[PDB]
Each structure stands twice: as C-alpha cells, then as structure tokens.
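What follows is one structure encoded as structure tokens, with my remarks underneath.
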Amino acid sequence: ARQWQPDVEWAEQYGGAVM
Amino acid sequence: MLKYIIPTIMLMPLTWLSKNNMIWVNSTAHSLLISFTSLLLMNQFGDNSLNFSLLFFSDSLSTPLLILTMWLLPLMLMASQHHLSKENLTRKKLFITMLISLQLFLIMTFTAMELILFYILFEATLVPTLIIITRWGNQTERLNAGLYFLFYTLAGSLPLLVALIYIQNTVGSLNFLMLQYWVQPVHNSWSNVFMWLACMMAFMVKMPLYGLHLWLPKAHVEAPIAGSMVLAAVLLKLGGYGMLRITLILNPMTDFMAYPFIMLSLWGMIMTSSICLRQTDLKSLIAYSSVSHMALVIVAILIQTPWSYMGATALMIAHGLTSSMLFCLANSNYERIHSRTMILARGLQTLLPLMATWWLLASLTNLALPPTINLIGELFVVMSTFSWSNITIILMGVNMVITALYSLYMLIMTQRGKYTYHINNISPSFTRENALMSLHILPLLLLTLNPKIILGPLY
Amino acid sequence: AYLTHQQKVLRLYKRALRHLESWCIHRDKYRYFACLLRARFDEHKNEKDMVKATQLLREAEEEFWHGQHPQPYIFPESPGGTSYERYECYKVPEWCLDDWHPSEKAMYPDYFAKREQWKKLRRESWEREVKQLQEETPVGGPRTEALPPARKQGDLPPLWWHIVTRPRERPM
Amino acid sequence: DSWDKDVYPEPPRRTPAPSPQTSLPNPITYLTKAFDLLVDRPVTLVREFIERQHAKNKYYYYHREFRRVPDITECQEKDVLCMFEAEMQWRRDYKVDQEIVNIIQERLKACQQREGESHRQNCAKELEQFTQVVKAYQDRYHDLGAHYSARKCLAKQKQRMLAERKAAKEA
Amino acid sequence: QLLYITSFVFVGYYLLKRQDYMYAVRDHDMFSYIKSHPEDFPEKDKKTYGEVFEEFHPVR
Amino acid sequence: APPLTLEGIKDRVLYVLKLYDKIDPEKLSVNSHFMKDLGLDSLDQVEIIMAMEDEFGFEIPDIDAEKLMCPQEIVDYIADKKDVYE
Amino acid sequence: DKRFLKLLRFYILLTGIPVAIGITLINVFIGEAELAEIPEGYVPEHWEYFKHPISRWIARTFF
Amino acid sequence: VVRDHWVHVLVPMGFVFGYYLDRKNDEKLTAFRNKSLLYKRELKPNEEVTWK
Amino acid sequence: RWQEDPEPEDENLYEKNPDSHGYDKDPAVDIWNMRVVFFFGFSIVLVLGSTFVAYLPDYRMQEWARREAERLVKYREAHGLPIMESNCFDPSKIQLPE
Ligand SMILES: CCCCCCCCCCCCO[C@@H]1O[C@H](CO)[C@@H](O[C@H]2O[C@H](CO)[C@@H](O)[C@H](O)[C@H]2O)[C@H](O)[C@H]1O
Ligand SMILES: CCCCCCCCCCCCO[C@@H]1O[C@H](CO)[C@@H](O[C@H]2O[C@H](CO)[C@@H](O)[C@H](O)[C@H]2O)[C@H](O)[C@H]1O
Ligand SMILES: CCCCCCCCCCCCO[C@@H]1O[C@H](CO)[C@@H](O[C@H]2O[C@H](CO)[C@@H](O)[C@H](O)[C@H]2O)[C@H](O)[C@H]1O
Ligand SMILES: CCCCCCCCCCCCO[C@@H]1O[C@H](CO)[C@@H](O[C@H]2O[C@H](CO)[C@@H](O)[C@H](O)[C@H]2O)[C@H](O)[C@H]1O
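Chains as they are written, first to last, in PDB author numbering: chain D, 1 to 19; chain M, 1 to 459; chain n, 7 to 178; chain p, 2 to 172; chain d, 61 to 120; chain U, 3 to 43, 44A, 45 to 88; chain h, 18 to 80; chain f, 6 to 57; chain g, 25 to 122.
Dropping the structure here:
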C-alpha cells in the first residue's frame, strides 16, 4: 500500500476563511 | 569525541556524492567502520571516567549507549532501503541524511559534559525524528503522531530548561564532573519539590512513564521501520540516561518524591503487560512491551542502589537490541502482507522456517531467558527492589508471568497454527532480511560471555 | 436449527449409540444394550402427532444429557481426538512451489513439467467458470453454498482448483 | 605453589593408604593407570613443549602501586582539585575492599566443602573472620547509595562516631 | 561562491574581535569593582570536610 | 499404516455389509440403494455408517453421512478422504 | 535459507579462522608476561601493567 | 584515485582528522602534566614530558 | 473523483532475479551490497570486535583490585592487624560537632 498523501477532502480543511 | 563526530559528518558528503546506485552500499559500509572504531571507547578505568576535553567525556554508562547508537545506523539503512526503493533519488539522500544527523546528535548527547549542552542535543533529536515520521510515514495518522511526539516532549523539556538554568545560577556550573563535587543536599520545600519535578518530568516522558506513555504507541504504529528502530532502541534511553545523571543533584529529596513514580511504574508494568495480551496490532504490541520494560528502569533508577543502576544499565542495552529486532521482524511480515494486524498472517513457521527461528530467539530474549542480558538486567532490578521492599517481589513476579504469556502468544499467533489460505505472496526470506536479524541477535547473545561492559559505572 | 425433525432424531441416535459404546466397552455388552436402545427408537418410529414426536425427542435429549459419558471415545483424527490437526504443520500450499529456485526445480524436471500443464488448464478454464456462475446465480446473489457441475464437455466444474490441488492428509 | 598459600590457606592433606580386603582388582586402579598413560602423558608433553617456547621469550609485567594522597577529610570545602584526588583514592580503596570480602568469602566457601559433614565445627574461624570482615565493610559502605562518594562515606562515619560518643558518655 | 565565503569571513572576523573585546571589558569592570569594594567580597574561611558537618541520608 | 486401494476399500465395504443380517448378501451390489433396493430405513443407514466408521477408524460427520445411500458412494467417500487414487 | 547460513559461516570463518590461529600462535610462541617486582628507579610504561600480549598490544596502540 | 572510488576516503580521512584534532586538544590540557599528587615523578634521562 | 495514478502492483525481486539477495534490483549492486554487509558486519565488527573485547586490558581494574586485595590480606594477617577496620577515615583527622 503506497504512502498516503492528502486528497481534496483533506486539503479543503485549509481553504476556508478560518480553521 | 571528534574521532567519531567528524567521521559521522563525513557520512553526509559520502552519501550525497555517491553514484546513484551506490548510496545504500557506501553509507552502510562506512557506517559499519565507524561502529567498529567505537570499540575504542571501552578504555574505562575503575575510578576515573574517560574525560576527553572540556566538552565531551565518556564513562561506563555512555559507552554502551554510544556503541549501541553507532551499531544501529547501519542496521537502519538495511531495514530502510526496501520500502524506499521507489523513492526519488534526492529524497533517498535526505532520508539517509536525517538518520546521519540523528546519530550525530545522539553521540554528542551521551558524551556532553555540560548539562545545558546535553539539553540542546537532547532536544535536537526531535527534529530528525519528527521529520522521519511525518514525511516517510505511510498513513494519515502520521501527522497526529508527529504532533503528539513533539508536544509531549516539549511539555517536559521547557520546564527542564528553566530548572537547569536556575541550577547553574545558584551552583555556578552545570559541568557534570563539577556537580559531583559541588553537589549540595536538597531540603524540603515547595520550591524544591517543583525543582525536582522540572528536573525529572522531561525524562519520564521519553522513558515513557506509565500515564505519559500514550504518545509512544501512536508514534510506533505510524513511523517507518527506521524510525521505530531508533525510537525504541536509543531514543527511549535518553530519558533513562538523563535520569541516571540528574538524580545526583536531587538527593535526598528523591527519597519521598520517587514514591508516586514508583507506584506508576510498579502498577503500570503489570497493566501494560496485560494490555499486550489483547493488542490486535503487532507494532502496537511491541510498543506497549517497551512501556512495560522501561517501567523497570524507572523503578531501578529511582531507588538508587548499586545493584539497581547495574540492572537498569543492562536493561536499556538489552531492551534496545531486543525491541529493535522485534520491530524488524514485524516489518518483514508487513512488507509482505502490508498489514500490521497480528491475526492476519498465521502459521508462518511452515512457509518461512528460518524466519521462525529468529522469531523464537527474539521472543525468548523478550521474556528474559537466562543467561541473556535481558534477564541479567531484569534480575538485578528485582534483587534490589526486593531489598527496597519485600512486597514488590509479588508485582515483579507477576510481571514475569504476564511477560511470558504475551511474548509466546505473539510467537504462537503469527508463527504457529494453520497458515492463512488466501495469502499466497509470502516469498522466501531475503538475504537482507536474515542478515538484519542476525545482526540484532548475535551481538545480544555474545554479550552474555562478557556482561561487565554493559553494567555501567557501578560495576 | 437448520435440521429437520427427521435429521435431529438420527443425529441423536448416532450420538446416543456412541456414548453407550463408551459406557459398555466390551463388545458383547455393547451389542446387548445397543439393541435395547434401537428398540426404544423403533417403538415410536410411526408416531404421527408432531407435537408428541417433538416432545418425545426433547425428552430423549434431556435423558442423553443426564446419561452421557463425561469422557466419550473420540476417533483419533476427529475434532477433539488425540491426532486432530496433528499433520497441519506438514501441509504446505502448492503455490509455494512457484518460489522454488531454478536449481531446486531442476531436481524434478518431470514433476514440474506436469505442474505447468495443470497451471495452464487452470488459466484456460477460469474465464468459463466465472461465466457459468454468473449466468446461473439468481438475481441478488446465491442463496446456498452449493456450486454447479460442469454442463458442456471440456468444461471443468466451477471453483475446483483449491479442492483438487489441496494437500494430502499425509503430506510427508 | 602458584598463588600465595597464606592468602588462600589449605590444611595439610591426609589421604589414607589403600588397605584392600577383597581379592578383586580395584577398577579405579586400572583406570588411573590408563588415564595416566593415555591422558596425562600426552597432555604433559604438549605443555612442556609450550613452556619451552615461553622460556625463549621471557618478558615482565608489574602490579601498579598507587601513592597515597590526602583523604577527603583534609580537603578544603569545594576544592575540586584536592577533592578529585581523594575521590579517586577512595574509589580504589572501595574496589579493593570489595575484593577482600570476596577473598574471605572464598576461604569460607572452600572450608565448607573441604570439611564435609564436619564443616559446622571445623569452619568456625573462617566463619568468624567472615562475620568480622562483613561487619567492617557494612560500616564503611552500606547505604551510601548509587551516587556514593567519599563525602557521603565520611558523613556516614561521623554520624556513627557521634552515636558511639553518646554511647560512652551515657555509661 | 568565493564571494559568499570571503564576505562572511570578512564580517565574521570583525564580529569575533568585537565579541572578544566586550568580554574582556566585562572582566576588566568586574575585577576592578571587586578591588574597589573589599567589604562586599570577603574571603571565606575555608573549613575542611574533616571539620565541616554534613547530615547523612541513608539510601536503604 | 499400510496404504489403501480402491478395490481394497470396496472389498471391505461390502465385507461389512455382508455381515449385517438385514441385508441379503446375494442381492448386495456396489450400486444397491440401501433404501429402494435393500429395503432399509433411515435408522439402519445410520448403523451402516457407524459400522464403516469402526471398520476404517475415522468419523463421517452426520452432514456427510446421510447422503451416502449406496455402497459405491461410501467407497467413493472413503477414497476421497484417504487420498486414494489407485 | 540454506544460502544465507553458508554465507554467514563463510564470512564469520573468513576472519574467524585466521584469528583463532593467530591467538594460538601468540599464546604458544610469545606467551604471557611474568609477574615481577618493579625494579628500583624503573618507571614502567602504562601497557607493562598487563599480562597478555594482546592486552598489552591494545594498550600500547589504542589507549 | 579513480573517479569511481574517491568518495571512499571521506570517512576514513574524517577519522584520521578527528583523531588528530583529539590529540591537539590534549595539548591545551597539560596544566597538571607531572604535577598531580598521585603521579608526579622525576624525569628520565631523555624524557621531557611524562605524557603527550 | 480527480486525476490520480493508480497504486502500482507490488513487485517481487525474485521474479526477475532468482539469485536476488534483496538489496537491489541490479544484480551487480545486489551482490556488492551483500558483501559489504557480511564482510564488515560479521568478519570485522563481530569477529574482531568480539576478540578485541575479550582481550581488553583489565577493564575497570578488576584484576588489579584482586591482586592488591591479596597483598593487603597477606600484610595484615602477618602483622596481626585487622583485615578490614570499620572506620574508613582516620578518626584523628575528624572533629565532631559539639
Ligand atoms: C500528558 C503530558 C503531555 C500532554 C500534551 C498535550 C498537548 C496536546 C498535544 C496534541 C495536540 C494535537 O492537536 C490536535 O488534537 C486533536 C485531538 O487531540 C486532533 O484531532 C483529532 O482528535 C479530535 C478530537 O479528539 C477529532 O475531532 C479529530 O477528528 C481528530 O483528527 C488534531 O488532529 C490535532 O492537530
Ligand atoms: C507527581 C506529584 C508529586 C507530589 C509529591 C508531593 C510531595 C509533598 C511534599 C510536602 C513537603 C513540602 O515542604 C514542607 O512545606 C513547608 C515549605 O513551605 C515547610 O515549612 C515551612 O512552610 C510552612 C508553611 O505551612 C511553615 O509552617 C513552616 O514554619 C515553614 O518552615 C516544611 O518544613 C516543608 O517540609
Ligand atoms: C590474531 C588476532 C589477534 C588480535 C590482533 C592482535 C594483533 C597483535 C597480537 C600480538 C602482538 C605482539 O605482542 C607483543 O609481542 C612482544 C613479544 O615479541 C612483546 O614484547 C615483549 O617481549 C619481547 C621479547 O620477546 C621484548 O620486546 C620485550 O621483552 C617485551 O616488550 C609485547 O609485550 C607484546 O605486546
Ligand atoms: C578503509 C575504508 C574502505 C572502504 C571500502 C568500501 C568498499 C565499497 C565497495 C563498493 C564496490 C563498488 O565498486 C564498483 O567498481 C566498478 C569498477 O571499478 C564500478 O563500475 C562498474 O559499474 C557497474 C556496476 O554498477 C558494473 O556493471 C560495471 O561492470 C563496472 O564498470 C562501479 O561503479 C563501482 O561501484
């Protein structure tokens, strides 16, 4: 199983106005 | 110590300037030569330690840890080069650079004569370890494992920094040799109680003390094999080494401040051993095994007897080689079935007969079979802790029963029984994998022939 | 229980006789009581009231539980017997032969030539076997674990490899 | 012999002469003769050859003698240069005194085996000398702790001396 | 690359010289002040451990 | 133990049936249905299986036993478990 | 598995056999130092306080 | 010397360089060479430093 | 949903190299990496390192202490002095409080 890397759902945690 | 520091740094140019296909050959070959030269540190004397210069010294406590540290670097390269085989070339060199920088900090940590120098190098190990886990870990939870590791350590280290700087202010020096002659007794006061806690709680977290141990199973489950080898073998020992040095200046207050932490270790070792019986993850079982084994070291260091320091020294070395071996053994399975579940791949002795011999040897050392140094260390702690209070023999005796139960249960679950029908990719053990286990078990067993060199300064 | 009433009585009969045989030991003694026990089953063999027959069975089970041997005889290779699973450590799966080194495979040039033919036969038959199951399984999936026989000539029964190629009971 | 018999004494060995009362031949006698010829002679010849090679190359090694230096009782407080030499001296004495207790324990253990069923009466001096030596060692070093030192050793002695002063002042 | 090394060494040399000088100044001030105020830095009458008393804490 | 053969298994399977008083040793053949041809009932079939179990020294589970209805089926079942291919 | 254990024996014996032979020759032909009293006014070298030649050589060379 | 195998001297050379630096540092710490109460002695006919 | 490489099927080194030692895909590198590990790891560190440890000169003066202890026991028994006296320091050099 290859190394996990952030997907879109993970990245969108950081795309809002606030955390 | 420059005869070891400089060669270790030279591993960086060697790796970076090596031909593309030779990075693993060159780094492993020359890191073994450095390990060979580390045997010159064993010019120990009965009375005086080996004091090279104003910055670094070696005594019978740091020498075995120094030899263990430098022996481990070539073993981590062997363990690492498989799962990194598809990695980008530059990122391979950076991974090897992180391991080299970790050895560099570690050998200086164990030889620093100044405690504030010790602290900086002690705390510098975090950076390479954190990077290894979070960058080359394979799962999502490697990011949380990084933060828990980071903030558990700093939570204790920052109080430690304040306490050390306070001690240099009032004593004038933090040179360890000076502190042996200028040490003054610590009297009862709330101020000295918190000075005691600051000086010790940073080391208790790295051991780890039961209660503060929950960062360790997280880190292990998420770290790559090389991160697990260094973390189990050496990094846990930083706390033990720090406690063996700092307790010099905490007497006689350690007489009553030890009690809560002995209770946590005496009870914690029974509970962590019992937890090992119900673990479903193989790496998590070995992690909880370390907590149980390191609780003996905390008890031994805190009761402060000649027999307890000899026992604690032997335990740290013996557990270092054993725990590293167990992690590598579980990794060899994981590289095949790509899972850490202990019950997934069973009856492996049928398919991998020689790897089943390594499993047996590793388990026997874990349960401390005489005359292995695992038992010698464990026995000396039991003998001295019995003198401390006879009732402890019950908890010590029970722990040996439980330790046998889960060590052989892990052997029986994965190696015996019927093999799993649908798992049909169990290829024969590679020469690389067999050599890796023999380099753990042979030196571990050889030290039985001459155990004095791992019994510390009170031998 | 999945078993019909008729199946339940028979399993009790076989179970009852075996525990009776443990008590008696001697064959002449066992023969005498085995015939008396068969008589008890033969007495109500024609009962037609399924409430009485069901009662007769339940009472019989209670009697067996009171009279069972605490240590009944077990065939050595049956579950619980002294030889059960004794040989599982000698059963190696056949896929292990793929990992043999060429020099190891060279000692049996004729066995490994036959082995390739079976592997070829497995490869060639698989697609048909999958198709046969798809076009015979009712919508929603199977309702039982029973598998079909082959219909055409030159077709092998679906899902046969791990049954045909399983290890021998005395593999070494 | 090859060690100092004074440090490791052994009473003279009294072995009774054979006085057989049986016509049969003693099996041990013949096995002794065979062992001597088969085992002892070739083993001795090899040793004698080796001891001839050693004779042609005779070199010496010495037992290190440490000069005495002022004790911790004569060191000014916090004077590391004088404290360090008194601490190294104290540690060498500590390691030597551990070996004296081992020599006496060895004498005691050898006596218990040598005397046999009579050891309780015949090993009274070895037992007495062991009891006295263990008392002295305990008074010096017991309970100092893992971080022991000449300072802690001295503090233990002073506390003991004060208690004994009150013992004499009380009577 | 040679200019990066040369410029760092050039600036570093003067920084090390000032660094050394400021530490020499600190010692010069400290020693003269000790000279100017004898009453505040009196020599300690140094007992030996034979004369000084330390309470003994057994490690039992 | 000495190895078995298909003809050896068939010889002993019939041998046991020939010593059973409810079966006619003349009407008996490898293909006789214990129910249709030999006239036996469910209870007699159970005892036949127990006799074969005692003959060859191994147990046949009830789930498998109830389906063995002719001597040939018993012979085939034993050979499969003993890996007899003759 | 067989291949690894042959390699393990070979590389262990590659230096093991030469070492075992050398130790034997050192013991037989050089021998061990003889305990002696320090001659008056003689200051021994720190490696002269050990008995075995290999121990003496280690002290002379590395320590 | 070969462009293939010149990197194999970096670490062996580091050991020699480190070993030499270790020896030099001992020169800065000769304040008590032949002055300790335990070990001081008169100098042999050609000796000039008891150790170095 | 979004553009992404599929996970590559796991590879077996024995597939294209039945003599593989598991170190590398290159047979020449694979044998070399094996030799440096076995030679330096076993021939050098473990064999010579064990021999070196076996012959360490009187590690922590354990032999010297026994020899010295023998010398003192011989002296004190010949001159009638106690083998070991409880006071570690000469009481003439001590000055008790009060
Ligand atoms: C006990 C002595 C030392 C204690 C030191 C404690 C300080 C805190 C250290 C960890 C800080 C981690 O900071 C943050 O914590 C939470 C949980 O803890 C994690 O979040 C995780 O747990 C929370 C709740 O438990 C879930 O809602 C979340 O889905 C999950 O991802 C974050 O991913 C991590 O970024
Ligand atoms: C991991 C958690 C570990 C918890 C460990 C708990 C240990 C508890 C230690 C209690 C001892 C504290 O120290 C104790 O208190 C005060 C210091 O303010 C001292 O006493 C001093 O303050 C008190 C104030 O009440 C005055 O009465 C007294 O006149 C004064 O001398 C005591 O003589 C000292 O013995
Ligand atoms: C085989 C593997 C062993 C590990 C590797 C060790 C290699 C070196 C081993 C032996 C080295 C020679 O060891 C050395 O021999 C000479 C004998 O000539 C001794 O020298 C001694 O005897 C000779 C005369 O015979 C004189 O110089 C003098 O009397 C004395 O110095 C040394 O004190 C010893 O240290
Ligand atoms: C005191 C310190 C001693 C340190 C010793 C370290 C030993 C390390 C051994 C590595 C040996 C590698 O030596 C090797 O030699 C050959 C020719 O010379 C080089 O060149 C080779 O390249 C490829 C392999 O990739 C071969 O197929 C080709 O036939 C050959 O030309 C390699 O690029 C080099 O890797």
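Cβ coordinates follow ideal geometry from the N, Cα and C atoms, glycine included.
Residue i versus residue j: straight-line alpha-carbon distance, rounded
| i | j | result |
| --- | --- | --- |
| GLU94 (chain g) | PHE113 (chain d) | 35 Å |
| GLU55 (chain U) | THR7 (chain U) | 17 Å |
| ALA232 (chain M) | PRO154 (chain n) | 55 Å |
| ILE301 (chain M) | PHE20 (chain f) | 35 Å |
| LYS84 (chain U) | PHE60 (chain U) | 10 Å |
| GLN113 (chain p) | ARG14 (chain p) | 15 Å |
| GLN44 (chain M) | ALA125 (chain p) | 40 Å |
| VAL186 (chain M) | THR254 (chain M) | 9 Å |
| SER31 (chain U) | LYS24 (chain U) | 15 Å |
| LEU442 (chain M) | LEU25 (chain h) | 11 Å |
| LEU63 (chain d) | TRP64 (chain h) | 52 Å |
| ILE104 (chain p) | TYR9 (chain p) | 8 Å |
| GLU114 (chain M) | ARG245 (chain M) | 11 Å |
| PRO115 (chain g) | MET84 (chain p) | 18 Å |
Distance cut-off 7 Å: residue i Cβ against heavy atoms of ligand 4
| i | result |
| --- | --- |
| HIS45 (chain g) | no |
Residue i beta carbon near ligand 2 (any heavy atom closer than 7 Å)
| i | result |
| --- | --- |
| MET257 (chain M) | yes |
| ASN251 (chain M) | no |
| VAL193 (chain M) | yes |
| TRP358 (chain M) | no |
| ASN188 (chain M) | yes |
Any non-hydrogen atom of ligand 3 within 7 Å of residue i CB
| i | result |
| --- | --- |
| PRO451 (chain M) | no |
| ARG161 (chain p) | no |
| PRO32 (chain g) | no |
| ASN331 (chain M) | no |
| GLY39 (chain h) | yes |
| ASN58 (chain p) | yes |
Residues that DSSP places opposite residue i in a beta bridge
| i | result |
| --- | --- |
| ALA112 (chain M) | M:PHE56 |
| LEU50 (chain M) | M:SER58 |
| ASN175 (chain M) | M:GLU114 |
| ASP281 (chain M) | M:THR341 |
| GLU335 (chain M) | According to DSSP, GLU335 (chain M) bridges with nothing at all. |
| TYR63 (chain p) | h:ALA53 |
| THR108 (chain d) | p:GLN77 |
Residue i CB to nearest heavy atom of ligand 1 below 7 Å
| i | result |
| --- | --- |
| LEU147 (chain M) | yes |
### Start-end ranges of the alpha helix (DSSP H) lying completely within the region 90-136 of chain n, minimum 4 residues
Those alpha helix (DSSP H) runs which fall completely within the region 90-136 of chain n and span 4+ residues are 108-111.
### Query
What residues in the region 31-52 of chain f have a beta carbon less than 7 Å from any beta carbon of chain p?
If the cut-off is 7 Å between Cβ atoms, the region 31-52 of chain f has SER41, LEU42, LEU43 near chain p.
### Task
Below 9 Å between beta carbons is the criterion; list the residues of the region 94-119 of chain d that meet it against any residue of chain p, in chain order.
Under the 9 Å Cβ criterion, the region 94-119 of chain d contributes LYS104, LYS106, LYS107, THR108, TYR109, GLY110, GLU111, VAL112, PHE113, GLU114, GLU115, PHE116, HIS117, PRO118, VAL119.
### Task
Return the chain-ordered ranges of every alpha helix (DSSP H) run that is complete within the region 41-71 of chain g and spans a minimum of 4 residues.
Segments of the alpha helix (DSSP H) lying fully in the region 41-71 of chain g: 51-62.
#### Entry: alpha helix (DSSP H) segments (min. 4 residues) lying fully within the region 38-126 of chain p
Within the region 38-126 of chain p, the complete alpha helix (DSSP H) segments at least 4 residues long are 42-56, 81-116, 120-123, listed from N- to C-terminus.
### Message
Closer than 7 Å between beta carbons: that is the criterion. Which residues of the region 38-52 of chain g meet it against chain h?
### Response
Of all residues in the region 38-52 of chain g, none is placed with a Cβ closer than 7 Å to any Cβ belonging to chain h.
### the region 423-443 of chain M: positions lying closer than 7 Å to chain g by Cβ
Cβ contacts with chain g: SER427, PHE430, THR431, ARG432, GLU433, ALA435, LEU439, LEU442, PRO443.
### Task
Give, in chain order, every residue of the region 33-56 of chain h whose Cβ lies closer than 7 Å to some Cβ of chain p.
The region 33-56 of chain h vs chain p, Cβ under 7 Å: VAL45, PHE46, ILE47, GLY48, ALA50, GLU51, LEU52, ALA53, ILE55.
### Cβ-based contacts, 9 Å cut-off: residues of the region 82-102 of chain n near chain M
Listed by position, the residues of the region 82-102 of chain n near chain M (Cβ gap below 9 Å) are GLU91, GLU94, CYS95, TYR96, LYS97, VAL98, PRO99, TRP101, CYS102.
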